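For reference, the structure discussed in these notes is given below.
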Amino acid sequence: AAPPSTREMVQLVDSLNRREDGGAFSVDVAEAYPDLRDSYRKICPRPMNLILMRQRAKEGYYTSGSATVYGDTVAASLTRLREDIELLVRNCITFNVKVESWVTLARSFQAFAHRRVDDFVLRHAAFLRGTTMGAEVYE
Ligand SMILES: CCOC(=O)Nc1cc(-c2ccc(C)c(NS(C)(=O)=O)c2)nn2c(C)nnc12
């Protein structure tokens, strides 16, 4: 089972940018708002955004060394990318807990991103067809 190439992983992370999110999951809140860094660290002490995820994809961090590429199921495959997607969503829903519309946007992105990763895993690993999907597990 050959892992996906770094170019394919970069193309996968690039496909997670949606026009309807208007860069909400791409912006680096620390670089964009220097005068609010410390408040964002209190709420989201672990940083995550699609710029960091694209660097990780490009460098082989999701598909090299001890990264889990193919697991027992689609859901349990590309675990490092799934954890990064989950942190991105957790940070957004925690920060926006009082703004329901922006929580719903983060949940919409979560479902969308795990489905994009599920379909990508299936394109590279037909032997995982029919197993648990990340879109069924992550919520
Ligand atoms: C100081 C002003 O701050 C903000 O405007 N903040 C945020 C704004 C938006 C936002 C804007 C425009 C649109 C069209 C949407 N999409 S929708 C209708 O689905 O909600 C969302 N999202 N957002 C998210 C996530 N997290 N923070 C923000």
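Residues are referred to by chain and number: the chain letter is A, B, ... according to the order shown in the structure tokens, the number counts from 1 in that chain, and ligands are numbered separately from 1 in the order shown.
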Report as JSON lines the residues of chain A within 12 Å of ligand 1, each with its shortest atom pair and distance in Å (one decimal), using only C-alpha atoms and all ligand atoms, ordered by chain and increasing residue number.
{"residue": "A:18", "atom": "CA", "partner": "ligand 1", "partner_atom_place_in_ligand_line": "16 (N)", "distance": 11.0}
{"residue": "A:19", "atom": "CA", "partner": "ligand 1", "partner_atom_place_in_ligand_line": "14 (C)", "distance": 9.5}
{"residue": "A:20", "atom": "CA", "partner": "ligand 1", "partner_atom_place_in_ligand_line": "16 (N)", "distance": 6.3}
{"residue": "A:21", "atom": "CA", "partner": "ligand 1", "partner_atom_place_in_ligand_line": "16 (N)", "distance": 6.3}
{"residue": "A:22", "atom": "CA", "partner": "ligand 1", "partner_atom_place_in_ligand_line": "13 (C)", "distance": 7.1}
{"residue": "A:23", "atom": "CA", "partner": "ligand 1", "partner_atom_place_in_ligand_line": "22 (N)", "distance": 8.9}
{"residue": "A:24", "atom": "CA", "partner": "ligand 1", "partner_atom_place_in_ligand_line": "25 (C)", "distance": 5.5}
{"residue": "A:25", "atom": "CA", "partner": "ligand 1", "partner_atom_place_in_ligand_line": "25 (C)", "distance": 7.7}
{"residue": "A:26", "atom": "CA", "partner": "ligand 1", "partner_atom_place_in_ligand_line": "25 (C)", "distance": 10.8}
{"residue": "A:27", "atom": "CA", "partner": "ligand 1", "partner_atom_place_in_ligand_line": "26 (N)", "distance": 10.3}
{"residue": "A:29", "atom": "CA", "partner": "ligand 1", "partner_atom_place_in_ligand_line": "27 (N)", "distance": 10.4}
{"residue": "A:33", "atom": "CA", "partner": "ligand 1", "partner_atom_place_in_ligand_line": "1 (C)", "distance": 11.1}
{"residue": "A:88", "atom": "CA", "partner": "ligand 1", "partner_atom_place_in_ligand_line": "25 (C)", "distance": 10.8}
{"residue": "A:89", "atom": "CA", "partner": "ligand 1", "partner_atom_place_in_ligand_line": "25 (C)", "distance": 9.6}
{"residue": "A:90", "atom": "CA", "partner": "ligand 1", "partner_atom_place_in_ligand_line": "25 (C)", "distance": 11.7}
{"residue": "A:91", "atom": "CA", "partner": "ligand 1", "partner_atom_place_in_ligand_line": "26 (N)", "distance": 10.0}
{"residue": "A:92", "atom": "CA", "partner": "ligand 1", "partner_atom_place_in_ligand_line": "26 (N)", "distance": 6.5}
{"residue": "A:93", "atom": "CA", "partner": "ligand 1", "partner_atom_place_in_ligand_line": "25 (C)", "distance": 8.3}
{"residue": "A:94", "atom": "CA", "partner": "ligand 1", "partner_atom_place_in_ligand_line": "26 (N)", "distance": 10.3}
{"residue": "A:95", "atom": "CA", "partner": "ligand 1", "partner_atom_place_in_ligand_line": "26 (N)", "distance": 7.9}
{"residue": "A:96", "atom": "CA", "partner": "ligand 1", "partner_atom_place_in_ligand_line": "26 (N)", "distance": 6.3}
{"residue": "A:97", "atom": "CA", "partner": "ligand 1", "partner_atom_place_in_ligand_line": "26 (N)", "distance": 10.0}
{"residue": "A:98", "atom": "CA", "partner": "ligand 1", "partner_atom_place_in_ligand_line": "26 (N)", "distance": 10.9}
{"residue": "A:99", "atom": "CA", "partner": "ligand 1", "partner_atom_place_in_ligand_line": "26 (N)", "distance": 8.4}
{"residue": "A:100", "atom": "CA", "partner": "ligand 1", "partner_atom_place_in_ligand_line": "20 (O)", "distance": 8.6}
{"residue": "A:101", "atom": "CA", "partner": "ligand 1", "partner_atom_place_in_ligand_line": "20 (O)", "distance": 4.9}
{"residue": "A:102", "atom": "CA", "partner": "ligand 1", "partner_atom_place_in_ligand_line": "25 (C)", "distance": 4.3}
{"residue": "A:103", "atom": "CA", "partner": "ligand 1", "partner_atom_place_in_ligand_line": "25 (C)", "distance": 6.8}
{"residue": "A:104", "atom": "CA", "partner": "ligand 1", "partner_atom_place_in_ligand_line": "19 (O)", "distance": 7.2}
{"residue": "A:105", "atom": "CA", "partner": "ligand 1", "partner_atom_place_in_ligand_line": "19 (O)", "distance": 5.1}
{"residue": "A:106", "atom": "CA", "partner": "ligand 1", "partner_atom_place_in_ligand_line": "25 (C)", "distance": 6.2}
{"residue": "A:107", "atom": "CA", "partner": "ligand 1", "partner_atom_place_in_ligand_line": "25 (C)", "distance": 9.8}
{"residue": "A:108", "atom": "CA", "partner": "ligand 1", "partner_atom_place_in_ligand_line": "19 (O)", "distance": 8.8}
{"residue": "A:109", "atom": "CA", "partner": "ligand 1", "partner_atom_place_in_ligand_line": "25 (C)", "distance": 9.6}
{"residue": "A:110", "atom": "CA", "partner": "ligand 1", "partner_atom_place_in_ligand_line": "25 (C)", "distance": 11.8}
What's around stretch 123-135 of chain A at 6 Å? Count only C-alpha atoms, leave out sequence neighbours fewer than 3 positions away in its own chain, and write the answer as a PDB file with N, CA and C atoms, in the first residue's frame.
ATOM      1  N   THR A  73      -9.303   1.340   9.265  1.00  0.00           N
ATOM      2  CA  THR A  73     -10.457   1.897   8.594  1.00  0.00           C
ATOM      3  C   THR A  73     -10.055   3.198   7.944  1.00  0.00           C
ATOM      4  N   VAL A  74     -10.909   3.709   7.092  1.00  0.00           N
ATOM      5  CA  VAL A  74     -10.721   5.033   6.497  1.00  0.00           C
ATOM      6  C   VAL A  74     -10.608   6.118   7.628  1.00  0.00           C
ATOM      7  N   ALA A  75     -11.500   6.055   8.618  1.00  0.00           N
ATOM      8  CA  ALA A  75     -11.517   7.000   9.748  1.00  0.00           C
ATOM      9  C   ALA A  75     -10.174   7.041  10.467  1.00  0.00           C
ATOM     10  N   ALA A 111     -17.233  18.487   8.766  1.00  0.00           N
ATOM     11  CA  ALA A 111     -17.871  17.411   7.988  1.00  0.00           C
ATOM     12  C   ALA A 111     -17.311  17.372   6.592  1.00  0.00           C
ATOM     13  N   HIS A 114     -13.418  16.077   6.666  1.00  0.00           N
ATOM     14  CA  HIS A 114     -13.269  14.633   6.889  1.00  0.00           C
ATOM     15  C   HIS A 114     -13.788  13.827   5.696  1.00  0.00           C
ATOM     16  N   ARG A 115     -14.832  14.315   5.001  1.00  0.00           N
ATOM     17  CA  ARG A 115     -15.328  13.666   3.776  1.00  0.00           C
ATOM     18  C   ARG A 115     -14.276  13.772   2.650  1.00  0.00           C
ATOM     19  N   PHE A 120     -10.273  10.795  -0.434  1.00  0.00           N
ATOM     20  CA  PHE A 120      -8.868  10.758  -0.829  1.00  0.00           C
ATOM     21  C   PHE A 120      -8.224   9.434  -0.403  1.00  0.00           C
ATOM     22  N   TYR A 138     -16.107  11.683  13.347  1.00  0.00           N
ATOM     23  CA  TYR A 138     -15.755  13.020  13.823  1.00  0.00           C
ATOM     24  C   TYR A 138     -16.959  13.947  13.795  1.00  0.00           C
TER      25      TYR A 138
END
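The residue that comes closest to residue A:57, out of A:136, A:122, A:78, A:44 and on the basis of only C-alpha atoms, is A:78.
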- Residue with smallest distance to residue A:7 - pool A:60, A:66, A:79, A:71, counting only C-alpha atoms: A:60
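Using only C-alpha atoms, the protein and nucleic acid residues lying no more than 9 Å from residue A:64, apart from those fewer than 5 places from it along its own chain, are residues 3, 59 and 69 of chain A.
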Could you write those residues out with C-alpha atoms, as a short mmCIF file (atom, residue, chain, number, x, y, z; two decimals), in the first residue's frame?
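Saved file selection11.cif follows:
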data_model
loop_
_atom_site.label_atom_id
_atom_site.label_comp_id
_atom_site.auth_asym_id
_atom_site.auth_seq_id
_atom_site.Cartn_x
_atom_site.Cartn_y
_atom_site.Cartn_z
CA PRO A 3 1.46 6.20 0.67
CA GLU A 59 7.24 18.23 4.15
CA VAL A 69 -0.97 6.52 6.69
#
- Message: Please return, as JSON, numbers by chain, all residues of stretch 37-135 of chain A that DSSP assigns to alpha helix (DSSP H) on the basis of the backbone.
- Response: {"A": [37, 38, 39, 40, 41, 42, 43, 50, 51, 52, 53, 54, 55, 56, 57, 58, 59, 79, 80, 81, 82, 83, 84, 85, 86, 87, 88, 89, 90, 91, 92, 93, 94, 95, 100, 101, 102, 103, 104, 105, 106, 107, 108, 109, 110, 111, 112, 113, 114, 115, 116, 117, 118, 119, 120, 121, 122, 123, 124, 134, 135]}
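The two atoms in question, atom CA of residue A:16 and atom CA of residue A:68, are spaced 20.2 Å apart.
Atom pair atom CA of residue A:86 / atom CA of residue A:1 has a distance of 25.5 Å (rounded to one decimal).
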- Message: Between atom CA of residue A:13 and atom CA of residue A:40, what distance in Å does the model show, to one decimal?
- Response: 23.9 Å
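Using only C-alpha atoms, the smallest distance between any of A:76, A:43, A:137, A:67 and residue A:121 comes from A:76.
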